[PDB]
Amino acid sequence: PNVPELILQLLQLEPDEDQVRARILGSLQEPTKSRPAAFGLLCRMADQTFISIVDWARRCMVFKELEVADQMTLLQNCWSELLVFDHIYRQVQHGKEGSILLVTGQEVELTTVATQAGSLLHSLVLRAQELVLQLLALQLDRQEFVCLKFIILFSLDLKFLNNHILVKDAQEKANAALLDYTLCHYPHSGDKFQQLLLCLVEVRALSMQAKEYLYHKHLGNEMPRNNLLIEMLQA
């Protein structure tokens, strides 16, 4: 069966997980100011994840051909959702329900989260793992993941954008590609396209919960200054 052209391009724009892991692992060796040292390392890791996500958005087809005011507005709207989705798909590729995989490749056991994390983080992780299980049951592959990511990037009410017809095109074009792909390849357990969209709704709800967790840490004054994610949290 054929594959939509928009997906095939999104596949070739995807950075391989090894060079992103090395770049992030390499940036975590750079020295910094002390005052927990692992909490500081995890914040920086998440930060570097968001940088390579911006680097991915910069290379995409419709995003590149967009002026800066619109580029910023899109990313400001979808940043945590793109971070959550990146974590989720990592867990899909990491088929181990007893632990979570980090972008650096280190595994953290769920038992470790359950006794060392607060309720908010632990809730947030368990909820995310529930979505991981549903995506594995729906047999999420890489063609849809790339398509999903591109839908998240542009899934914004068109009022807030200036180069508006360019964006409208993208949304329809990405929905049709995901529709066309799931119909030819997954015709067995119901409306895959619809189920995947229902996942988008859950990724949005997870990303708000994630934003609430950052706000909790922020009120605790435990968040390192200059942190990229809390600066995103405030625009």
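Numbering starts at 1 and follows the sequence shown.
Q: What number of residues from the deposited sequence go unmodelled in the gap from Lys64 to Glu65, classed as none, 1 to 3, 4 to 9, or 10 or more?
A: Unresolved stretch here: none.
Q: Look over 178-186 and 66-74 in the entry and identify the one with the greater average Cα temperature factor.
A: Per the PDB record, 66-74.
Q: Per the entry, where is the mean C-alpha temperature factor higher: 210-218 or 20-28?
A: Taking the mean B-factor of the alpha carbons in each, 20-28 is higher.
Q: Tell me, please, which of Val203, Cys60, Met45, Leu196 has the highest C-alpha B factor according to the deposited entry?
A: Reading the PDB entry, the winner on C-alpha B-factor is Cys60.
Q: Among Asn163, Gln91, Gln143, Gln139, which residue carries the highest C-alpha B-factor recorded in the PDB entry?
A: By C-alpha B-factor in the record, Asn163 ranks first.
Q: Ranked by Cα temperature factor within the chain, is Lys159 in the lowest third, the middle third or the highest third?
A: CA B-factor rank for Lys159: highest third.
Q: Would the CA B-factor of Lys33 place it in the lowest, middle or highest third of its chain?
A: Answer is highest: the recorded C-alpha B-factor places it there.
Q: So where's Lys168 on the chain's Cα temperature factor ranking, which third?
A: As the PDB entry reports it, the C-alpha B-factor of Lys168 lands in the highest third of its chain.
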